[PDB]
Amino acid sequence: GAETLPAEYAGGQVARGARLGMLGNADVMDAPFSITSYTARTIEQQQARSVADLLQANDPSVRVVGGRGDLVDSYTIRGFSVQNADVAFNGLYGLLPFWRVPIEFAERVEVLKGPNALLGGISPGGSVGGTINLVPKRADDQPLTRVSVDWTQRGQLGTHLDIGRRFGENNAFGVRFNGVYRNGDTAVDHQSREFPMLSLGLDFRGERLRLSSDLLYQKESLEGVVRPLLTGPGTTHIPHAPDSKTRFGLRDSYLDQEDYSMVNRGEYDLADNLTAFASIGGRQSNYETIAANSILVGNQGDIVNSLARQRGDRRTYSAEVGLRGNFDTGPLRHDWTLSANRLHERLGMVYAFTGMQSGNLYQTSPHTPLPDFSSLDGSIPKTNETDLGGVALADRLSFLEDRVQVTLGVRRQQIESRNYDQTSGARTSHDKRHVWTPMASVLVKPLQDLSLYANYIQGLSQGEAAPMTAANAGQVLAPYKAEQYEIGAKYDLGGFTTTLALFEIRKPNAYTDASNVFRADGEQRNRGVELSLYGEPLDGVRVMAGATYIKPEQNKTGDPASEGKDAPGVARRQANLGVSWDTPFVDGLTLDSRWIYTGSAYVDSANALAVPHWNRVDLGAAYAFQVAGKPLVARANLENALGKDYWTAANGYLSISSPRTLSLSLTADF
């Protein structure tokens, strides 16, 4: 089935299948893309709380800008920025917590590398680096009553309930509830965090009919918000990163971020060569913050913090409907999908920038004045409306008993947004566009467990508005069409798998020329090679290793200083090594270690400002034992065990690393 949960691979850390958007789930060995699915088992073993926690620790292709002390995580994949708002939910956009996705309710977190506009449409934030997909927990036939308690430096106390029950004749119905409450001081100076979460995974399992509904409520409240460090006019060197426990932003910043959503999905088998599917969901996202970005002033660590209040009221609806079928034109099997999607968003977004307070990278900021932001009080007016919707047809041609697979598709994508000024209410822009966007893949299986593949596919981003400073101010440009070519090979030796991939991704780039006209005349050309090994190559020894190399070229700019230079915030070299070891010498004891490597990178387009490479080491331990007949598991996770302080580079700013962070938990199944 297209929505069948793919099985766990050897080792139980990753799965052997992942979603290919409108196409449904495909086995890794049948997918002409680089897909990785991390399992709930990994999530629980590493005590990962967010998508960022999981992905940066295990995946060679994914690095996190922002981080858990900040209000937002974003993800660099294949040398392109991926917004947390572009994280899909069973393939649907716009239904997960906007700024940072929690995963304690997640059965799977999947990564499809590279653009994928044919498979799932444009994503709302316009990301093209890759599509992260969450699969929610479902109720197993065997009843589950799981309670865990946990502690995290410095005083975060947590409880997590995971309760699953099936009812009705033949267990047709399923109910899975996750509830988390986590509250206390974080590991960063003068920061505390409250986090309630509630989730329900409901499903109906019928003969010709499958239904599901997911409800999520989540809220993150921070006292103290870590924020980027921006480069300044006369920045000549990047100062060395402060101690990660230091908090050099606005002392009395706060965040209150709330999201709740519901999404109903279903399938109906019209015949056993035809299935209809539909989804409809909505999300409310409430945003409140006062915080400051830090800006370098001078070169020896002085900063000025620039304060801001922001408020957001965001209302999103997201739907899809379609048919999946199959027939035969002789020796060719056709597996076709016709699919339409529709996203509509109403956004109220107000902001005011006031306050410029002196500070220093190496000093936790003192209590400082909060300017009066009373004007933004009251009702949040509407400032944006967005409507995205497309129709897509795709055909997977199988021949020679599935050893050769050719997939083709085309999508017509509709993009439409309106903007309204926050103070005056005036209509400032109405962008409306449509683009066709196709794909073609070929996958050949010379050996039953060796796949070779190639794909071509595109990414779509909405065009930018020319800044208020340019000779076409406020004009909204046509959408940016990214193009991916990829080839690679996957080899599955039973207990472990090796992959390789070579890709190029080209995408237009917008800047203002010498005539002060804003145009999309730049191009980024990212070519890369990716190597991966995962699985259980020895009994009780699970390994997840990988390495990436990319040349991220600014192969078309207007300036000789940046022409042909590296895209900022994209290291050329990155690597991950994870080992999980069941000790034959203690019963129930498992030890884990991870090494995360990120090469040097640049923050500026002329590449005059380099930040160093960095290394992170995690250590973990899990102890499984019985009391009164119940299974219990005590766990420890030590992130950034060496207490390394480092900058993660981005385009014009840097995110400070998180400190050494120990988390302890006890889990009991009743």
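One rule holds for the numbers: they count along the sequence shown, beginning at 1.
Checked against the record, the higher mean CA B factor of 87 to 95 and 379 to 387 lies with 379 to 387. Mean C-alpha B-factor is higher over 626 to 634 than over the other stretch, the pair under comparison being 26 to 34 and 626 to 634. Across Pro537, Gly158, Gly282, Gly114, the entry's maximum B-factor at the CA atom is seen for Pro537. The residue among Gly184, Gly558, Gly546, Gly578 whose C-alpha atom has the highest B-factor in the PDB entry is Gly558. Sorting the modelled residues of the chain by their CA temperature factor places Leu55 in the lowest third. In the deposited entry, the Cα temperature factor of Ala40 places it in the lowest third of its chain's modelled residues. Per-chain ranking of the deposited C-alpha B factor places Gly569 in the middle third. Among all modelled residues in its chain, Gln46 ranks in the lowest third by Cα B-factor.
When the CA B factors of the chain's modelled residues are split into thirds, the value for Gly69 lands in the middle one.
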